[PDB]
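Have a look at the structure below before the remarks.
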């Protein structure tokens, strides 16, 4: 089960965002493995200033495991550094930070 | 070796684009495997009207295999139907159709 998501990034914080993601806290990565997320990549487009997230989720209850991560106190701390670099899409859904995208094609 | 790429889509052709990619010609899919492209997904964002492509390339000379595909007469026919649905990024590089994105994070 694949997922693609998109969020804006403030251009003055691209280098900071990059620096953070060159060394993600190993427990945050462990919290993500624990929620069955695998093969997770983030890609940057300039000058449109967009981040595109891609990951494969091998779990059973997505909205559960996502709420699990969301109150793990150390992941919560981590997001205090990512967030101010980010610019959630004005067109996103209520409750969304990253905006979910619709898969229209796959081939193994 | 992962790749992420982005292109715009004309919103009046989203349904056509979706219809085409629900049943891609098997020879196009086969020539893509021939060029070592695997786990290839495309995602749609509305209302921003962006397509985000993701694939993993297990080859050894990317720029070669990408012009192998590019004059395979069936794949060229195929692109006669995708292209007109698409809107290449004004900010893209000369010679680009889809625009390359920079990976800034990965975890297995």
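Quick note: the coordinates plus some simple rules give every number you see, no bench work behind them. Positions of Cβ are backbone-derived with ideal geometry, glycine not excepted, and every protein chain shown enters the neighbour counts.
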With Kirkwood's inverse mean 1/r over C-alpha pairs for Rh, give me the Rg to Rh ratio of the protein assembly as shown, two decimals please. 0.97
Measure of size requested: the Rg and Dmax of segment A:30-72, with Cα atoms as the atom set and Å as the unit; please supply both. 12.6, 37
Taking a point 7 Å out from Cα toward Cβ as the label site, list the nm distances between residue A:1 and the same residue in every other copy, smallest first. 3.3
Across every pair of different alpha-carbon atoms, what Kirkwood hydrodynamic radius in Å does chain B reach? 14.8 Å
Nm distances between the label at residue A:69 and the same-position labels in the remaining copies, 7 Å along Cα→Cβ, shortest first? 2.8
